[PDB]
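Only one structure is covered here, and it is reproduced in the block below.
When the chains are written out, they are named A, B, C, D, E and F in that same order, and each has its own residue count from 1.
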Amino acid sequence: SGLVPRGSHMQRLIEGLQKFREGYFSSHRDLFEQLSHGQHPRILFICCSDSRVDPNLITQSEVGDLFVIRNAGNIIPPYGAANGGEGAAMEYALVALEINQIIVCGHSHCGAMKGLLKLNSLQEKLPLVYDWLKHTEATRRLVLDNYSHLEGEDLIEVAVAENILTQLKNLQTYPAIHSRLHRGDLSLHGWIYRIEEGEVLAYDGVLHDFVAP
Amino acid sequence: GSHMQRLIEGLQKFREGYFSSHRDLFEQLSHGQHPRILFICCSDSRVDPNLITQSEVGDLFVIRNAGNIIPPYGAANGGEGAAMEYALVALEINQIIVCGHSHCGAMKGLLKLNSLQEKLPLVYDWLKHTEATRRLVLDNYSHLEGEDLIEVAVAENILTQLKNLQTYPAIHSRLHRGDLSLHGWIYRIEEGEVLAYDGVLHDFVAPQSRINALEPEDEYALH
Amino acid sequence: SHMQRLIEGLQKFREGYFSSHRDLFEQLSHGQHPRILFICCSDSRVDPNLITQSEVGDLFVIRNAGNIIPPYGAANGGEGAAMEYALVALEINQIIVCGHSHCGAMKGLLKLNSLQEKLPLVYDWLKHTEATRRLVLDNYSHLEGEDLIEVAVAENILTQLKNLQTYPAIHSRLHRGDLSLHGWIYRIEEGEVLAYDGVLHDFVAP
Amino acid sequence: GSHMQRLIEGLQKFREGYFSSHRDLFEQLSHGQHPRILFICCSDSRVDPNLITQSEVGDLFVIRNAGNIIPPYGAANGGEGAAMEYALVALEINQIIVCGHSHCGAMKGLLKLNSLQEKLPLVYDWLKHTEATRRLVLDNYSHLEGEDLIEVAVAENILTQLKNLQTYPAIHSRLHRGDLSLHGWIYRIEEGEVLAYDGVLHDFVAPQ
Amino acid sequence: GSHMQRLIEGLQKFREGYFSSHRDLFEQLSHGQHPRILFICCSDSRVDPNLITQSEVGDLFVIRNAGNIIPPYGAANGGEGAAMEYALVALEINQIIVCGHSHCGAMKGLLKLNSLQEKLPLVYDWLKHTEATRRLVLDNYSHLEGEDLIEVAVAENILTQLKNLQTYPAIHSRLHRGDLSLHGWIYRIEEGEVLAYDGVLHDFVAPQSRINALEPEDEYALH
Amino acid sequence: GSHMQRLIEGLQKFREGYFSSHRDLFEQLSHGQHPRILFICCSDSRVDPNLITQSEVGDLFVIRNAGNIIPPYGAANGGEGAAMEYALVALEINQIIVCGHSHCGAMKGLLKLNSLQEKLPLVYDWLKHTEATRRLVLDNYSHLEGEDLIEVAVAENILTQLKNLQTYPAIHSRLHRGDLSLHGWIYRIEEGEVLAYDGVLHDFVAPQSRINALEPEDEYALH
């Protein structure tokens, strides 16, 4: 009986689907026919679930190019630490799809990172988030131990950057990655997407900093 | 690398193109995200949730893994449950879509599960969370083969994830209150359409705003 | 003392009930062929064979504190395995989740954080019914005392039915129409059972 | 449904019958349970702990699973450890009985363990908590087969659970204190008798 | 760096001295290890099992962790069970010694367990495998404090580990078969002495080849 | 007499010999340990870390398991991570050495992993934590066999554990600060020498105080 305020969102989404069907799909039938025969992505793109991040949009990629993992905080647990989807998706990308490029892309104003900086406060209302963030506890420990001089937005920014670097260390513990890095076949990349400025900063191992590509 | 070079050129095209003509949207979004849909879909590079729904940046909070699987509550400690909880509890999302798709690699693997152990051991382990799909399909659709069998696995996998979602505390509590809807979508890549599960009918039909994927006889709720 | 009573009781059984039911026990010795999987609480006030006046051999029984079945893959104790054996090996096609009034596990659930010190294993176990706790705290925040416990008993049963639906053997058999699930509340003081009815969305006298 | 209909008719029969004849007992029990025994037994439908011990409602706090197994402390996160902890710590029980039984399906499975993984994967994983039974039986009773081997597996499984119980904090502490006792029982269905493990004789013998 | 320079100088002394005088021993050992004792002891730098027993290389197969703890069977997936299994099954070792020691940091932590969660979260979780020791000590020695309390915890921890070892399949089976014995030793660092648990006596006494740590009353075995 | 009789006689020789000449040291050590090195090595009886480095009691805090394996952070709940955390956080150690050795039984097992399931199931499961070694060796050294293959597995196993160590919070934070160093050593039993990994060179060389195992291209740090 009466007002149920969630319904407009679904109507809108279905209208948007019809617009895709009538618009982009209708002008790209050959592309979708070709793709239906198989995916051949060349990039594994790991990024946050945050609704403000669209990997295809910011890279102006066409459908078929990016095999994408999305979770809160763009975290890849150390090998063997977790039995969710992250390790399996990465493995499929590298072993079945033969991808040779992995990007860990974090972003400004990340909610997972804000949470990480107030971790104990999450237990009560966000218990699964609290447990999940333990897979990036190395970030938290490094940030709390070494960056106390920072506050506010500067501190969140450092947490976003350090979290990406933690995931690169975590990735190095997976068998498929360790083997292929020996082979010399595979490259890892760390990116920060700055939402307000529409830009990406990439980690440069010589400068030990995230800088414009 | 040519592929990385293409992405960097793409970044510039975005900044000079779409970003430049949507600066106010991005400054607004810089203050916070307010999505109204949790969209769970496959990592498959052929699937773009924002594209297929013509969503604007800010609209869809997205989980992507191989096979668009959500383990039952307490079964796993990866990203899935946590991202869903963040969406529902922190972001107050009230619509969840489990979106599968045609020709899904994870589903092909599920139908040849034992063969995955050697080269795809993590995928083998992960697909344990959709074992109910495999059991149901092998038991009840034993006469299907080839493309038809993969199509059934894609569809049934979505239905399994909907059962798995209903074991999470945030979901269970909100369904009692009647404040949340669950949807199951199959994106057909070549055909350019989506099919949606109508849980009253117990079948997939074209999307419409008054269906959802819950099966009434399994509500198990008081008043 | 109470061990002695049990030992005397063994004698009473052998000379009484066993003596007058020799055909039954000789029959049972060839195999178990239960009809029902009965999931209930460890509470000493609950006796499923007694309240249903079942014959020995009819009920394959799982008993734990709170009559909880964790979601599939969440736990590696006895519950899932016993259910699987019941359905796959023994071909049982009826499952009853039976809760009961005044359940200690439910009292604990409503004071969960306080259990961590002296009952750490109970604290961890009750996490498998956290969906109950969250639902009850969110949606019955104005209920108190006995009333709140009674609601937690009822809602706990329904949570377990949801959890059962995640198991492969259950999911597959429900598809085929070869399995039925039931939720029961046993009211100790009144000697009655109320059964969940999915059309009424309520627990009703059968 | 005829099976369910028969249960319902049994409920009414309990109400008008045993319940009506024991109103006082149930009113009293409505105020709390005060069992003095923790009874761990198999889910097997042929086993009824209250029946075989001629116990009254309220006497036995009961754990039932396939094979009457208690995993070692920390090994599992299902119901067993928690129910035992509730019994000992909250209900102050000071007697624990592990009761196995003849013809146990879990034990038949244990003796063909690898064959179970395909159709009974959860049972395969669960029986690993009694792998010490399997190893012991394979290494030390190689000259038994068939029903004799199953019977020895039933007996040995009980002893393994006693060892497993001894790893739980509440049990370890209270055994040291001296205010807790453990017991191992085998219920022979076909004979209507229980044999209890005797540490002096190192065998299961009739109680008296 | 200076620590490393000094350590590498010590390595050079080993090479020049003991190695050069024992080349044949090391050649022989290179063909296979044949130890006859599994020695479980603490990681504490004050404990050296070969030194205190004046053993030769090749004699002791050694497990070292903080607190000399062996989790119950199935409780953990670290190295302890696997190392023990290799010792018993592959190397046919018939003697296990659990050796604790005075002033053990793990035991000090155990007695203040809750205080460890913040800064030593992994130690906190690990010590749960000896929670039976903590519970026993808090329940049965409640009037002890300070060093007396730590001393009791050291001793009781050894007895807990013996219970935990008895849940492992190889141990359970070989105790019954007759090819295994268990021992529980306390090394008192300040005095250079060891006491051994005599399971018949239920007390710690001088070590003796005739005694072992199993209590006859708790055998739980069929004969 | 028996192995146990020898050990017990050895206790008395220790007390009346070495303990006497180091009586002041042991009195000092009874007040607290202050090691400066965390030494991780195999349980193998042929390895004695204090002997091979001619270390004094109090110098080396030691972890020993089969194969000298450190699981990745969060992957395991046995003793390894806890012991390392105690060493770094409670004892402020600033040097970690992962020491493997020639002819390692864990490495022989790793190369015949499937065969271990039946009689060494716990070892099979434990070796999962060094699967990255097995994958690398099978993929990249597929043409080696016999002793040559075991030798490469011993070396690559050390490198895997160094990657695993770098996932732990205490290590990651201290590496940022620059007050911790990681080393990878191979102890060659017959030959009486140690080889150390120089992470700049990406190869094993004779030990020296100004190398360590860290690979500069994988520093992944902000400065």
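We adopt the following convention: a residue touches a chain if its C-beta (ideal position, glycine included) is under 8 Å from a C-beta of that chain, and two chains touch if they have at least 3 such contacts.
Visitor: Out of C-D and A-F, which chain pair has the most contact pairs?
Guide: Top pair by contacting C-beta pairs is C-D.
Visitor: What is the distance in Å between the mean C-alpha positions of chain D and chain E?
Guide: That gives a centre separation of 34 Å.
Visitor: Averaged over CA atoms, how far is the centre of chain A from the centre of chain D? Could you give it in whole Å?
Guide: 49
Visitor: Distance from the CA centroid of chain A to that of chain C, rounded to the nearest Å?
Guide: Inter-chain centre distance comes to 43 Å.
Visitor: Going by the touch rule set out above, which residues of chain D reach two or more other chains?
Guide: 71, 75-76
Visitor: With chain D as the start and chain E right after it, run through the chains round the ring.
Guide: Chains encountered around the ring, chain D first and chain E next: D, E, F, A, B, C.
Visitor: Looking at the complex, which residues from chain B come into contact with chain A?
Guide: 1, 3-4, 7-11, 13-15, 17-20, 23, 26-27, 29-30, 32-37, 43-48, 50-55, 57-67, 69, 71, 75-87, 89-90, 94-95, 97, 102-103, 105-106, 119-123, 125-127, 178-181, 183, 189-190, 192-194, 207-209
Visitor: Considering only the defined contacts, which chain E positions touch chain D in the complex?
Guide: The contact residues of chain E facing chain D are 71-76, 128-129, 131-132, 134-136, 139-140, 160, 163-164, 166-174, 176-177, 217-223.
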